[PDB]
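Undergrad: Below is one structure. I have some questions about it.
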Amino acid sequence: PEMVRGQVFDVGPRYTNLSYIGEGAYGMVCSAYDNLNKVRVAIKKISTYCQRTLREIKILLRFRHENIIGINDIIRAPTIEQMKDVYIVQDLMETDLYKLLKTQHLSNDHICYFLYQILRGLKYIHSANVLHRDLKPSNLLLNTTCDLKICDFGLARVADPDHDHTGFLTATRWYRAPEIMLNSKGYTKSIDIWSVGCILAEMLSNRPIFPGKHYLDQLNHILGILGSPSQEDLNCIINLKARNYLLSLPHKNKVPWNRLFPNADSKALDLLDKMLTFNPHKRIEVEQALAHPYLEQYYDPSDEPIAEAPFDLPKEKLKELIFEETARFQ
Ligand SMILES: Nc1nc2[nH]cnc2c(=S)[nH]1
């Protein structure tokens, strides 16, 4: 067994010369040489935590799309008794958008291209009636030619708008839609669109637009820029405790986008405005975002595929489910 930073990375004959890349969720990430098609790859070691592991495997194996990270191989023991670690193999990318925003100014041409590819991937995901629910810059991988792939489906769910309602004060904080702090479990597609709006804002300025320190700090940051919600938007919130909290706040005026981003393309600001809408019912959907004049140069519905079909247990059946789902790579 090759060892990496004091750890067993038992990835067999096929994958050699492992280099530490970092640690995402789940554990260690190394790159490795694949001797079957002579190209380096990324390998994640996996040791509840079982739930999100299973969820992701199940989704990523069903999805096939240029803008979604795939699964090339899965390595595990031949038997359930012997199975401890599971190794996930994926295409090696150069960087993620979070690391990129820390260090690099982006041209409008790059912002436009990135945003197109995010939406193109999201169009597919939503057509399968799946919510990602944790879109943020670190879950967006880029290769050396700026091709983009969405990763980490650990928090993903099937859409369920009939059961979205919940109480007041019930994923990553900065990219959370406002309705989540107010009356929503985040079971509708509109919460992903909000996260893309945040990512877009972050691409225009190299900084998180709403960096809340905590739950309600997040909300007052949003309202500090969007302004106090209208009576019509408030009427949509029927839970008295959410509504009366909002009514207890001082009046805030909308800060116009062109003041926050004085050198942004005006078309980008017009799309941003429609993504970061307080009322989820008024918020643009992904197909409409794709058709927006900002993305005209890329928009091509015949090259924007949709999925062919849309989508509580003891720890014993879960180990077993992971085993069964990973059998195809044996
Ligand atoms: N560079 C890099 N490439 C990847 N492919 C799948 N995951 C990764 C990560 S976390 N980093």
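In order, the residues displayed for chain A correspond to 9-55, 61-183, 187-327, 335-353 in Swiss-Prot numbering, which applies throughout.
So how was this one determined? The header says X-ray crystallography, 2.1 Å.
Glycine too: its Cβ is placed from the backbone N, Cα and C atoms.
Straight from Swiss-Prot, here's the annotation block:
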MOD_RES   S27  phosphoserine
BINDING   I29, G30, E31, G32, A33, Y34, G35, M36, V37, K52  ATP binding site
ACT_SITE  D147  active site, proton acceptor
MOD_RES   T183  phosphothreonine
MOD_RES   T188  phosphothreonine
MOD_RES   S244  phosphoserine
MOD_RES   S246  phosphoserine
MOD_RES   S282  phosphoserine
Undergrad: Between the Cα atoms of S27 (phosphoserine) and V37 (ATP binding site), what distance do you get, rounded to the nearest Å?
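TA: Spelling it out, the Cα of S27 (phosphoserine) and the Cα of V37 (ATP binding site) are 9 Å apart.
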Undergrad: Determine which residues of this chain, when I29, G30, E31, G32, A33, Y34, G35, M36, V37, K52 are set aside, have a Cβ within 8 Å of the centroid of the ATP site's Cβ atoms, and list them as they appear in the sequence.
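TA: Surrounding the site, in chain order, are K53.
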Undergrad: Count the Cβ atoms, other than its own, that fall within 10 Å of the Cβ of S27 (phosphoserine), considering every protein chain shown.
TA: 10
Undergrad: Under 8 Å between C-beta atoms and at least six apart in sequence, can you list the same-chain neighbours of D147 (active site, proton acceptor), or say none if there are none?
TA: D165, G167, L168, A187, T188, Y191, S211
Undergrad: Among all protein chains shown, how many Cβ atoms are found within 10 Å of the Cβ of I29 (ATP binding site), not counting that one?
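TA: I count 16 other Cβ atoms within 10 Å of it.
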Undergrad: If you count Cβ atoms within 10 Å of each one, which of the binding-site residues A33, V37 comes out on top?
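TA: In terms of Cβ crowding, the pick is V37.
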Undergrad: Are any of the recorded positions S27, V37, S246 near ligand 1, with a Cβ under 6 Å from it, and if so which?
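TA: What lies within reach of ligand 1, judged by Cβ under 6 Å, is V37.
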Undergrad: So 5 residues are missing between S55 and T61 in the deposited model; what's the C-alpha distance in angstrom?
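TA: The gap of 5 missing residues is bridged by a Cα-Cα distance of 12 Å.
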Undergrad: Work through the modified residues one by one (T183, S244, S282) and name whichever has its CA nearest to the CA of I29 (ATP binding site).
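TA: Among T183, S244, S282, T183.
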Undergrad: What is the separation, in Å, between the Cα atoms of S246 (phosphoserine) and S282 (phosphoserine)?
TA: 25
Undergrad: Along a straight line, what is the whole-number distance in angstrom from the CA of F327 to the CA of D335 around the 7 missing residues?
TA: 19
Undergrad: Determine the Cβ neighbour count for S282 (phosphoserine): the number of other Cβ atoms within 10 Å of its Cβ.
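TA: Other Cβ atoms found within 10 Å: 10.
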Undergrad: Out of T183, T188, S244, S246, which has the highest number of nearby Cβ atoms, where nearby means within 10 Å of its Cβ, if these are the modified residues?
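TA: Answer by Cβ density within 10 Å: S244.
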Undergrad: Roughly how many Å lie between the Cα atoms of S282 (phosphoserine) and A33 (ATP binding site), rounded to a whole value?
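TA: Here the two Cα atoms are 37 Å apart.
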